[PDB]
Every structure is written in C-alpha cells, then in structure tokens.
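Participant: mind folding the following:
(chains A, B, C, D, E, F, G, H, I, J, K, L and M, ligands or ions: 3)
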Amino acid sequence: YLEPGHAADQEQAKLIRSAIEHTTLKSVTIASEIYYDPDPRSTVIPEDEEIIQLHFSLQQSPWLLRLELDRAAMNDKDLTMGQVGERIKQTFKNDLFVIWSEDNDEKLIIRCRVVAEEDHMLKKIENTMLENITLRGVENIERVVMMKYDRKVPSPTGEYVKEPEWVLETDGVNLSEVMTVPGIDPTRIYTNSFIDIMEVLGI
Amino acid sequence: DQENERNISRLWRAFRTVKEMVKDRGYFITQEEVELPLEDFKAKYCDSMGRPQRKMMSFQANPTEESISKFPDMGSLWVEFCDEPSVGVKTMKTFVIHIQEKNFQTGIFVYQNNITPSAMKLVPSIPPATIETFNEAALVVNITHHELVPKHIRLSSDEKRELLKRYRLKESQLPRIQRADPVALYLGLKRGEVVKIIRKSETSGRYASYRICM
Amino acid sequence: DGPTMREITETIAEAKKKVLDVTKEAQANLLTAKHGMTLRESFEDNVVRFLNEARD
Amino acid sequence: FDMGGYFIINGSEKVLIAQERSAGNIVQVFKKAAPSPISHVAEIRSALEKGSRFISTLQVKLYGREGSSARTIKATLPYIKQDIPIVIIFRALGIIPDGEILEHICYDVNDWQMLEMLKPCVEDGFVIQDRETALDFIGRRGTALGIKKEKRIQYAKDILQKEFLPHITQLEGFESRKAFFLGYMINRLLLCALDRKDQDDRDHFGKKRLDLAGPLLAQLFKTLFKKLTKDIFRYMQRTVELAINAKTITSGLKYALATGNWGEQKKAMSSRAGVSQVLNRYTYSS
Amino acid sequence: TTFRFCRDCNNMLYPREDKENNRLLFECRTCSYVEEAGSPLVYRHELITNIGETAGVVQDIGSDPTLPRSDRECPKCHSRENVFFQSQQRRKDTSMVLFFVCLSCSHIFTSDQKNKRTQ
Amino acid sequence: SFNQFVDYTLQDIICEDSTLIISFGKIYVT
Amino acid sequence: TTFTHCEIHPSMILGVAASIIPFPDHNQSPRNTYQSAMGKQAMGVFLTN
Amino acid sequence: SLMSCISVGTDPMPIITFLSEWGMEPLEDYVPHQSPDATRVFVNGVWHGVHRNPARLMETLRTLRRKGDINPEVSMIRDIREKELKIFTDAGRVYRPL
Amino acid sequence: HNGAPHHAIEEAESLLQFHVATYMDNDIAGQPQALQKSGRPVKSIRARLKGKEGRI
Amino acid sequence: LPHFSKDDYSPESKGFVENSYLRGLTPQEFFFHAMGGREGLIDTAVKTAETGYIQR
DNA sequence: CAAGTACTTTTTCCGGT
RNA sequence: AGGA
DNA sequence: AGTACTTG
Ligand SMILES: Nc1ncnc2c1ncn2[C@@H]1O[C@H](COP(=O)(O)CP(=O)(O)OP(=O)(O)O)[C@@H](O)[C@H]1O
Ligand SMILES: [Zn+2]
Ligand SMILES: [Zn+2]
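Facilitator: Numbers count the residues shown, from 1 in each chain, chains lettered A, B, ... in the order given. Ligands and ions are numbered 1, 2, ... in the order given. The coordinates are given below.
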C-alpha cells in the first residue's frame, strides 16, 4: 500500500513497482561472448570501433568479455546502459575494466577486460555476472503487479465514500526490506505468509 | 550529492523510532523531540561534508514523572550510536564501564552492520545493569505503528500479583510472549514480566489479553 | 424459443470470430503481452475469457 | 451366450485382470526438478522379450543446474556404483578420439550449440586415453571392487557385454551398435536440454503395454519351470549312480490363479495381489 | 563458434596465446600439434536463442498429413500451396508466429508482421 | 492372448535354458 | 484434404457399461460414470443355464 | 472400448530381414557426416540402421501389412521432422480398427 | 553353564535379544522381521496398540 | 485429438462445447467433457480424505 | 553437508477370499 | 470385491 | 500428498 498522500498517483505506483521488483543482468542479456582482442586501443570487432573511440578520449588482459543487451527488456524494466554498466563496474570494482555502448547506439554492448592461465577465469566471471548480479528490486520479490483496489473512506461531509487506491501485488516475499522502502505505507503492508508477519511484527 | 542522501534519511528514520521506543518505555521525551524534521537532523549531526556523525546522536534519558510511581526502581537509560559499521571489543568496553560508572540501569547499543562475537561476550558482564543490541536497519520502521500491532503494556510486580490472584492462576497458565518478540524487544521485556494486550473486537469492541515473558 | 436459439447460435458465432481475430493477431507478432505474463499466457486468458463471456 | 475368457479353479470362475505397465526398451527424457544436482535424465528400461528378463535400467544424466558452471554428462551402469562420464564408456567401447566420440552424439558438424555443451565431457574424460585404462577405471569402481589389476579390466568387459544396454545384443563384438545408441540417448538428452524437444509424457498410452492372461501365465510358468530345473539337479546330485515332482507346476498355477497373488507362494508380499478375481455374474453385461 | 580438431590425433583443440606475436593458437593436448585461430571468437552463450525454430524441414514436410495447409502466396515462386507450423523452439516465452514451407520450391517464410528474416 | 501362450510361448519357456548335464524336446498339452 | 483414415463409428469409443446408456451425449459426464457402475448392481438373466 | 484389442506378440526377424533387403545401411557401417539426414530405423527400441529414402520404404512396409505379408497387429510410424521410422512387433500394445 | 565355546554364547545371546525385541515391536528399522512359519509376520504388542483399529 | 490438424488453437480443438445437453454433444465435445468430468471425480476422491483428517 | 528416502496419521460408518 |  | 527423519 502506497504512502498516505499518493493514492491515485499511478506514477508513484510505477516508481515503487520498479524500485521493488527484482531484475538481474541475466534478464536483460541476449548472449555473452569471449574474444581474443589483444590490443585494447584497437578492436578486431568493427561494430565496437566507435565505442573504443569515445570511452577513451573524453596493462590489462588481452581476453575480452562482450555481452549484447536486449532493447525491449531494458524498457518494460526501465533501464539505462549507464546504470547497468555502473552495477557491473561497482561489483568487480578495480579487478575489471568496463566500457559500454550508448543508449542511442544501434547495438547494446558491454566490453570487459581483466586487471599465466586466463581462459577459464573469464568464463567464471560471466556466471558471477548473469546469475550473481542484481540491477533493480529486492531479493525473493518477483513479478510485481499494479492494482486499483476499491477503498471505502469517510468523506469531509462524514459519509463513507469509494476512493480507490493504487496497490502492489508481489509474486514473492521479503517483509524485512520492502517495509523500509520509501514511498509506501509500512503501517498497511500485508503478506499472506503469516510465519513472516509473526517474525517481523510480533505474535 | 548522489545516493548518500538515502542513508541520511534512513538514519534519521531509525533515530525517530529510537526516540519513539524510549518515550513508549516510560522515559521523558518531547513530541517536538520525536518529530524533529530531516532538515534539522542534518544541521546538528552532519560534518563539514554533510555526512552523519553518529557519535553526536548518542543520548541519555530520564524516567517520566508518572514512570516512577508504577516502576520506582526504573533508573536512567543510555542510547549509543556507533560510527563504525562493525563494532569491536575496543569501543564496547568503553560504553560498558560508562554505564557501570554513571550508575545507569539500562543501556541500548544501535549498530550499523555487525557487533563482533568478541564485543558480544561483554553484554551480561555488568549486573544489575542491563544492555540491549539493536540493528539500525531494523529500527528504520517502528513495528508498533503497524495496523496489526495492538497496545502492549508492561505490568508492575503488584499488577501481575493481582492479575494472577484475580484469575486464580499459576504463571504457567498465562499465554506467552517470546523474549525475542519484536514488541517484547521494543518494550525491553524481561523473563517473568507480563504484558496486557488491548485489541479491538468485532465481537465486544475491546478485548484484553495477557502474555508472560520467556 | 426458435428466435432465442437463433440469438444464442449467433452469440457463439461472434465469440468464435472475436477469438480468431486475437488468434491471427498473436500469430502476426502484433499482440502485446500483459505485464507479468508470457505472450501466450496473455492470449489464452483472452480466448478463455471470450468463450466464458459467451457461455453466460 | 456364455463367452469364455475365464478359468475354473476349484469350482470358481476366476478372471485374469489385464495389468497396465510402462513399455520396455524405450528412451525417455525427463527434466529432473529444481533442488537436484541433475537437471535432465535419459532413462531406458531395457528388458529381454524372454530370458530371465533383466530389469536393468540405464540412466544417462546431465549434471549441473541451469546456469551452473561445468555441466557434465555421466551414466549409471548395471552393477557399477559411481556415475561414469560418457567419454570413458565410449573409450571403453573402443571409440577413442574425441571427434569420433562427438560424431556418435552430435550428428551435425554445423550445430555449435550442442557441441559447446559436449566440451566439458571431453575435459572430464580426458584422463583416460585408451580402451584399456577405460575398462580399468570402470572396473575399479565396483560392484564392491574385487582387488587385482587383471581382474577389474576383465570384469568391465563383461558388464558392457552382458549388462549395459542388454537389448540389441548380449553377445560379444557389437561395440559400434551399442556406442551409436548411447550417442542417440545423449543426443535425445541435449535436444531436450537445449529446449529443442519436449520432456517425455509419462502418461502417453503408446508407451504402455497391458499384460493379458497369456503373458501373466508365462511369467508364472517360467518362475516354476526353473524351480523344477533346480529340483532335477537335486535328484541328479543325490543319484551317486523317473521321480521329477509334477506337483510344483500344477500347485503353483492353481495357487496364483486361485489366490490372485501373482507370486510364490503362501509366503507372499512382496509378490502382486488382485490379478485373479471371481467373475461377476449379477447381470450378463456385468 | 564452429570448432576444429587436431590432425594426427583427431582429439579436440584447446586455445593458447602467443604473447610474443599477439595471436591465438590451438594446441592439441594429446600430441604436439598447433594451429592459428580462424576467428577471434572462442565462446558464445546465446540466452535469447532463435536456433531450432525451423528444425526437421526435410523435403518430405509435405508428406505429413498431420500438418495444416494455407492459401498464402510464396514470396519467391508465388505459390499458394504451403504447410505451416509454430516455432519448434520448446520454451514458454515463444511467440505464436507461423512458418510456411512452399509446396513447389520449399522456401521458408513467416506471418511476422514486425520482422524481416532469412531463416 | 491365452492361445498365443499355449501354441507358442509354452514351447519357448520349456527349452530356453532347460538342458542339464538331460534336455527337453517338444511339449504336449492334453 | 490430408485424411489418412476414417472412424468406423464414434460410439465405439465407449466400453460395455457406457454402451447400454440411452443418449449419453445428452447427459452431464459424471452421470454416465455413475450409470456405468450401477448396471453391475442390476438384476436380470445372467445366463440361460 | 468395444473395438479395442491387444497385440499378441509377433517375431521381428522377417521385418529385420526385409528392411536390410530394402535399402538399409547397418549401424556398424554408418558414418554420420557422410550420410547426414538419413532417417534412422528402429525395431522395438533396437537401432538396426539407416535408410536414405524413407518415403519409398514407409510405402513398401505400409502396403506389405495392408496386403497381409507383414502381420496386421504390427505398428510402424514415420516421424518426418525427427527423421525416425519406428516399428513395433511388441506384445501388449492396445490397438483399434480404422 | 556347560561347555562355554565363547563365541557360541554371543550367538545365542543375540538371538534371545532378537526374540525379546520382536515380541514388543516386530516392525523395526533393522529390517529382519520375525515371520511365523507361514511367512506371515508375528503380531508385536506395539502392533496391538497402534492407531485406528487396535486398543486405543 | 487425431481428428484435428497440428497447431490448432481454435475453441473446438481446445475443448469448447458449443452445444447444449438438449441438443447433444459431438464425439470431440463428448470426450473433452469426459476429460473434464473425470478430473472432478478424482479431486473429490483425493480431497474427501485430506479434508477428513484435517477435521481429525 | 545436502539429496532422496522411509514412515506416518494420512474420511466415516455399513458381502467374505 | 461393494454401499451413502 | 507432506514432515521430520534418515541415510548416501
Ligand atoms: N467416501 C465418503 N465418505 C463419507 N461420506 C460420503 C462418501 N461418499 C459419499 N458420502 C456422503 O453421501 C452424500 C451423497 O453423495 P452422492 O451419493 O454421490 C449424491 P450428490 O453428490 O450429493 O449429488 P445430488 O444430491 O444432486 O444427486 C455426500 O454429500 C456425503 O455426505
Ligand atoms: Zn593431436
Ligand atoms: Zn515457393
């Protein structure tokens, strides 16, 4: 249940929807590839030549990790390449060198290079990425839905009047966290798992 | 600016809830003190770069006038906020003897991420005084405020004596509240302490239950 | 009634078209999947719903 | 009007109720559930038409979960404890170089997708590099073990001959025939794993056989005729130098058909009961 | 991807980097064989796969009676004789888009009123 | 099914692994 | 136009018990599963001998 | 059902002999990358080999049964898509006349 | 009491333990069920008291 | 059913019984009604036990 | 350590192998 | 094996 | 059909 004010605010509803519904790098990816691109300043891939030109102007591994992201998926689950990349960038910190094609650019690509024996290590980094990286939402919370539940409320004139509100239905449970989220009513929140309610809110 | 702004809001939220809990326990706290705005909290406890200085937050609380009538031996409380995400045996022993000397009755320790099992071994160290651990993250939202959460009320040793006399009970016979119950934690319920629970009823309009502590 | 039977017979016929319409649409990739549903899950819900609307 | 199709056992009309069963010698792939190490399994319940009837089932398993690093294909062999990586079995069959092993599994030299999935199996079975060291590796893992170098290699030979994929052949030199089938199983396994084919319907009537009065009797008769065989041996042995018990056959048939307990004998469970029942005669239709 | 094998062994080839001349090789780990890489691509994942949509389109696709027929003219030969089916890729997500196979030239075309293919 | 058992299957079981150090020829059903 | 075979009669999908039911295509399916179990509790001539 | 029957159980050998003498490559001799799309032939889940033109083969086997030469209770299926021709001489299979 | 062939005692002891075990409970984890000469197993005292049908 | 062409999603193929009991059912309609009906008889048989023990 | 295993209460009350 |  | 239990 949304914050007391924003009842009919469908946009506030969409905001929490995105802020709580869990998204992983796997969900957005089309395919991941491993290339031997030895010179980092030049590129065997001609498409990427453009991306190198900019993510350079305004020491590392010769082995490349190149993953193509889906446009349509980066939409229903609103996403910027910048915010996707920044996640990867913030996971491996300074053990990985990350470059990415712009939101405008025709194909959506993320170029990764590491800081004897390599081939296997990069194929390990790809699972640590697809499976182990979260972009949006909270863990255990899946397919979040927007609902316009009908609510009865006393009017200024005193009569009980139909004043419906925007509500969110989850397809997973994590009470401990969704409560702390800004923009909700942590006084009205309810989960069908009562085992959880007793744990968080008392017997 | 970035996303530093959220951890600021979250710390202030957690603070309000501590102020709320302390008032509720039976300590002299103002309504103006609880409802202190986000803007006021910033310019009070934030350094030269607007980063929250938790060492400043730490406060002392004295019983309300009313509290000394029901619970006379209710001493003063110490609330300690630490700036280290992991609290070590070094900073713990500081606060432990702080209570022992200032002769406090109770003491709350609000930590960010963890408390080392080294520091945790010093909690029952200073009797009759008592210590309480509290994860800041849990304190963001006051559970007591929830729809489903009724008014729990701690009973005086004489009130429990009467409750049992009046209902012809043995301590066994009463419903139990676990010592680790969020509400038994909020009120700092001790073993044997009884709560009077007042819930609304679709049946009678008002129903009074009782729960003994574990 | 014969007229009530005509009316019922044509009620089913229109529902069967409404279904075929969504069927040609989904085979031509034009269907827009409902948030939190397969493209198919979306279609079947619609088909099942038109058929039940009709039965009633 | 009486139709027959029933027996008369000690004056009562006994009926043999047709017993449903899952058909034998059939390759089927099933997606093994979410909290399992194995993600997909190729099963084949291989039995001989007649000849002791081996209930030996071959399990070609795809280890590792969806999105887990190192997804290997291992197979469970009759009278072998551990799950042998496919490659070793091929090497134990004589198919030694990877590529000749890969030819048996993936039929298209173009399909990279399936081949990428086979790279780990090659990496697993890399240690063993000849037919000999492959039979020793299988021989090492018993059964129990049966300690002796010459012994274990001599065993795995017999298991693959007599026990592994016992339909096709139980005979000697047929290594190529069995190896192309194992490859057909691994192909059917990966086809399902790469979402190209469907998980087999364990509820398809075509994959089910109803055992009627005849085969039911044969199962019983074979059990009994081999029980008469051991009695013939006992009389021959005692004759340290024409009395062969006809009761055993008569009685056993009479017992099972009377009791409905399709087993041996008054000492039944686990056997199979409810098979033979008394013919309903309330109505002709009944 | 499309990978090679070692001549002499037949055993599969593993990558090796030639740091000195910055080039990819493929060593045999059974014998001493080595050969330069054809492509700079070593591994491909493919999460949103499309390979297996038009499997088993054997020229006998017409002889299956179980298959439905349509009166859609071929994009190539303009023949109104075709056998159609849905994406033979057995995933939940999959769209209902049809694949038509000509009963004269045997060219494959869709009902996809969004995308222009060649498979 | 029963007829198949008597006419064929019975003769199979009678001599599939029968022979003992004593073999079994044709079977007769009265 | 692809028909390989034809159905001899669609009432042959039914077994002995269901086959005695008049107009079963005019009944709710379980009512037939019912009658298919009752005719076994009926009475009549079971054999002439 | 009234029309259903069960397969009594026939001998595979005359079919196995027939298939080989009708263009069947034995599995022992098969070479996957030479003959690629060859329809693979099975007789009771026993892979006997491959055949280059199943269309002709399916027709010969179908018309053999339909004449009476192949036992009528024997079932033979041609999955063109999967490229398989499976035959069942098997006992216990429930069938219906059409 | 008589000629004690040391092992022959730990033998007869383990059998007595078995009988006094299977008398009170026949349906034990350690599989060998005490079966009456007929194959049918012996009715334990525990078996007499076990739920729905039987004493309680 | 084998009386339908492949990849048929039409109401008639997926089991929509267009006819009334007064009018009678087609063989396809009949068998589909049968599949559905049998599902009820199974869930009564299953639940009737679960439900009894809940009460206990 | 985990998977896959056994048991268990697994609805009630009413002719005879 | 049947009955509500 | 589920749950603590049990054994690999
Ligand atoms: N296995 C069982 N256990 C306990 N009670 C049962 C039972 N089976 C049937 N009953 C009882 O018998 C009653 C009648 O069920 P049925 O004989 O099948 C006719 P019905 O289902 O009630 O539909 P109807 O009144 O429109 O004809 C049930 O409501 C129930 O109380
Ligand atoms: Zn080599
Ligand atoms: Zn054409």
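Participant: nearest residue to residue B:78 in space, ignoring adjacent ones along the chain?
Facilitator: Ranked by Cβ to Cβ, 6 or more residues apart in numbering or on different chains and with sequence neighbours excluded, the top spatial neighbour of residue B:78 is residue B:107, at 4.3 Å. Yep, even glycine has a C-beta here, placed from its N, CA and C like the rest.
Participant: count the residues that sit near that neighbour.
Facilitator: 22 (other Cβ atoms under 10 Å in any protein chain shown).
Participant: surely it is within a helix?
Facilitator: No. Using DSSP: H, G, I helix; E, B strand; the rest coil, the secondary structure at residue B:107 is strand, not a helix.
Participant: where do the helices sit along the chain?
Facilitator: Let's take chain A. A:10-20, A:25-28, A:49-54, A:73-76, A:81-92, A:119-130, A:175-178, A:194-201 (DSSP state H).
Participant: sorry, I should have been clearer: chain G.
Facilitator: Counting by DSSP H, the helices of chain G are G:29-38.
Participant: which residue does it bring closest to chain A?
Facilitator: residue G:30 (33.4 Å; Cβ to the nearest Cβ).
Participant: and that residue, how close does it get to residue G:38?
Facilitator: Look at residue G:30 and residue G:38: by Cβ to Cβ, to the nearest Å, they are 12 Å apart.
Participant: next: residue D:20.
Facilitator: When residue D:20 is compared with residue G:38 (using Cβ to Cβ), they lie 25 Å apart.
Participant: now residue D:107
Facilitator: 57 Å.
Participant: those two - which one has more neighbours?
Facilitator: residue D:107 (18 against 9).
Participant: OK, contacts around the more buried one?
Facilitator: D:187, H:32, H:36 (Cβ atoms under 8 Å, 6 or more residues apart in numbering or on different chains).
Participant: just name the closest of those residues to residue E:82, please.
Facilitator: The nearest member of the contacts of residue D:107 to residue E:82, counting by Cβ to Cβ, is residue H:36 at 25.4 Å.
Participant: the closest one - how many residues pack around it?
Facilitator: 12.
Participant: tell me which element it is part of?
Facilitator: Under DSSP states H and E, no helix or strand contains residue H:36.
Participant: list the contacts of it.
Facilitator: D:107, D:108.
Participant: again, only this time at 7 Å
Facilitator: By Cβ atoms under 7 Å, 6 or more residues apart in numbering or on different chains, the contact list for residue H:36 reads residue D:107.
Participant: give me phi/psi at it?
Facilitator: Torsion angles at residue H:36 (phi, psi; degrees, to the nearest 10) stand at phi -90, psi -60.
Participant: roughly how far does it sit from ligand 3?
Facilitator: According to Cβ to the ion, to the nearest Å, residue H:36 stands 24 Å off from ligand 3.
Participant: for residue D:184, see how far away that residue is.
Facilitator: Distance from residue H:36 to residue D:184, by Cβ to Cβ: 15 Å.
Participant: count of neighbours near residue E:36?
Facilitator: Neighbours around residue E:36, by other Cβ under 10 Å: 10.
Participant: could you give the bridge partners of residue E:85?
Facilitator: On the basis of DSSP bridges, residue E:85 is bridged to residue E:99.
Participant: would you agree it is in contact with residue E:100?
Facilitator: No. Using Cβ atoms under 7 Å, residue E:85 makes no contact with residue E:100, being 8.7 Å away.
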